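Q: Quick one: structure below, then a few questions.
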Amino acid sequence: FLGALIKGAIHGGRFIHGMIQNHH
């Protein structure tokens, strides 16, 4: 029930595109 794929949210939510949830 961790939910978080560690590597701290992929890599910190910026590798893809702002986490797609942070984007800009």
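Residue numbers start at 1 in each chain; chains themselves are named A, B, ... in the order of the structure tokens; ligands are numbered from 1 in the order shown.
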Write out as an mmCIF file with N, CA and C atoms, in the first residue's frame each polymer residue whose atoms come within 9 Å of residue 19 in chain A, counting only C-alpha atoms; drop sequence neighbours fewer than 5 positions from it.

A:
```
data_model
loop_
_atom_site.group_PDB
_atom_site.id
_atom_site.type_symbol
_atom_site.label_atom_id
_atom_site.label_comp_id
_atom_site.auth_asym_id
_atom_site.auth_seq_id
_atom_site.Cartn_x
_atom_site.Cartn_y
_atom_site.Cartn_z
ATOM 1 N N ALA A 9 9.087 9.194 -6.608
ATOM 2 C CA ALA A 9 8.179 9.581 -7.673
ATOM 3 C C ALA A 9 8.920 9.571 -8.999
ATOM 4 N N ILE A 10 9.212 8.365 -9.500
ATOM 5 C CA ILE A 10 9.944 8.195 -10.761
ATOM 6 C C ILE A 10 11.385 8.692 -10.583
ATOM 7 N N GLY A 12 11.492 12.249 -9.153
ATOM 8 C CA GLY A 12 11.184 13.503 -8.467
ATOM 9 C C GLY A 12 10.103 14.284 -9.187
ATOM 10 N N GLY A 13 9.491 13.657 -10.187
ATOM 11 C CA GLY A 13 8.441 14.309 -10.948
ATOM 12 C C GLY A 13 8.975 15.470 -11.763
ATOM 13 N N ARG A 14 9.831 15.156 -12.728
ATOM 14 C CA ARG A 14 10.417 16.179 -13.586
ATOM 15 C C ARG A 14 11.062 15.523 -14.802
#
```
